[PDB]
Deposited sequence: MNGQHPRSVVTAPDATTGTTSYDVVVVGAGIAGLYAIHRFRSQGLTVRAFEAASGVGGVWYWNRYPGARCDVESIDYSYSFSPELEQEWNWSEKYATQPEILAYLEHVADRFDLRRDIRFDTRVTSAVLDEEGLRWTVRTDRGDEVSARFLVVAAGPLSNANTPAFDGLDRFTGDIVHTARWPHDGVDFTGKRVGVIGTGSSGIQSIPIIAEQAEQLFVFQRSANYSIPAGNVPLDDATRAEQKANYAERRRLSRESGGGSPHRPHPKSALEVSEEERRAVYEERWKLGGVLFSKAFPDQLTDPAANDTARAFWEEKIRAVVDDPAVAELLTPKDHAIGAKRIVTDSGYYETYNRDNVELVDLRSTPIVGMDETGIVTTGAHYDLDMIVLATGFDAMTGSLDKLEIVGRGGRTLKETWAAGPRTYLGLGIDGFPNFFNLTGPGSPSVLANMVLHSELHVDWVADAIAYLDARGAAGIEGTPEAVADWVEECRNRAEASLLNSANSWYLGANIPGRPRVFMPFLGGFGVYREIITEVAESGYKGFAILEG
């Protein structure tokens, strides 16, 4: 019941963690709440669930064999394909034997003298670890909003977070969807394909850009696969972990014709990359406005009814402030005869009854209600974890006035503890597979550094975290991501905004210099 490393989570990050640590001779125990590997790709399985970043980028690079061997069927893989990929990865590297599934980590307590972590679970596991590595992911489900009389409704209630494995038939059914974030946006067009009638209950419109999905052919695949190494080098040095860069010139320093041409290009590629089309797009409000206009025109042209197009248009929000969603035929869905967009600002939901949804304005008879829930704060999974460090001081207490980290990898009072791809790191702002590889590699090197020195532990110094907190604050203040009610907030803007390449370089040089800003512990 003791191991070198305990890993929390078996999604992209935990799976690579198991592989990397084991390869270096460390014994590893992983714990996963879900019944299988995959993380978000295991449990978030509503129809239309799909990644934001091209699959060739949003995939592992640690294995040349896997890169050559695996064939992505399209530009943006759906979750069943990403799940299949991750299951294949766990097969190839024999990861499952070190994972205990259906097992939720509840507490981790530092033994200050021994420099070890006692990790406890809801299934009665109690294990001892030199290093505790939390790979619990950036996205956890929001609580189902309290609707009165929900318990009274007699039709089916389906949650996008807990989608039935064997699916749900919408044929013949009157369906209501509450929620227009990414879960609602991705499932809506698919729901509308087989539903008798679909009502979308929208409170706040969000920005969405087409995926523009193409099935990747043979001659395309082999040519991208032939140039994979170079694509990875460009990705690892870039702002967002993909082989793309913003325009050389600024948005306002270019002509109106050329501005449309750059925007038109990035619309085709589609996704998150549209947000970073010009260098100052997320920096300067006026440059942002030009992207908002381009977006509004595109949507006005796709949606037949002018008033619906207006209703689908987000009001006084910077485009790309909140993360832009990626869709497959979402706005085209509203041209159908069998879909209605309900403005909840006009007529809010006041409850449900036996037969459907009650708004202030009208009652809606429904056979099925789909709760397209959103995702909790970036720290949501960590907040379900009781982590007791030096002095019996909890992580939740340390983070009360905001997350405090050095590089996202060190916290004073929490030695030999590593939170992956969370606050103080680029996190959701970068390609997370590559980001996971970066963090897992960094942790492994740090462990190797300590083992070579005969040292017991490593810990963020108070001075270094304070410098980093302010460094994060400084990069954040110029950004339109630091919006009044931004999800990246907790006040403290949580992710590192400098860029992924910049951050890689910062943490690599820290390591190379004998871990400045960390204390090496003999313990």
Absent from the model, numbered along the deposited sequence, are 1-19, 510-516
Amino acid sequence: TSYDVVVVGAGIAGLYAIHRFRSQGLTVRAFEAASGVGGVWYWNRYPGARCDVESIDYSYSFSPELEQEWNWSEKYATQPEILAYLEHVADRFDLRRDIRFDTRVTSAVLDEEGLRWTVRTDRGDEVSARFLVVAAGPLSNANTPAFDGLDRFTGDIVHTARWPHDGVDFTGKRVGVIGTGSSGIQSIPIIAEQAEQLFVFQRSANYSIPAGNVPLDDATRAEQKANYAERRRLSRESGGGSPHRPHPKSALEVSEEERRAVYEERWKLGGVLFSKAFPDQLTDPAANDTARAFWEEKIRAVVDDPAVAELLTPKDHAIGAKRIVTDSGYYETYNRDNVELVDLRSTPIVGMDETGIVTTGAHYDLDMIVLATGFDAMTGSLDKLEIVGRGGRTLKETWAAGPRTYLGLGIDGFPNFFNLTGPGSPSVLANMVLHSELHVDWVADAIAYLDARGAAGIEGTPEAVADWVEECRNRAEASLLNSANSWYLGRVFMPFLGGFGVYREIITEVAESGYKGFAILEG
From here on, numbers count along this sequence of modelled residues.
Ranked by mean Cα B-factor in the entry, 213-221 and 443-451, top stretch is 213-221
Ranked by mean Cα B-factor in the entry, 148-156 and 126-134, top stretch is 148-156
From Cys51, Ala456, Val465, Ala484, the top C-alpha temperature factor is at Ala484
Scanning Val40, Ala34, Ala476, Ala30 for peak Cα temperature factor in the entry gives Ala476
Here the Cα B-factor of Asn419, set against its chain, lands in the third termed lowest
On the chain's distribution of Cα B-factors, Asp166 falls within the third called middle
Entry-reported C-alpha B-factor of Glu310 relative to its chain, by third, is highest
The third of the chain into which the C-alpha temperature factor of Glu81 falls is the lowest
Of the three thirds of Cα B-factor ranks in this chain, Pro246 occupies the highest
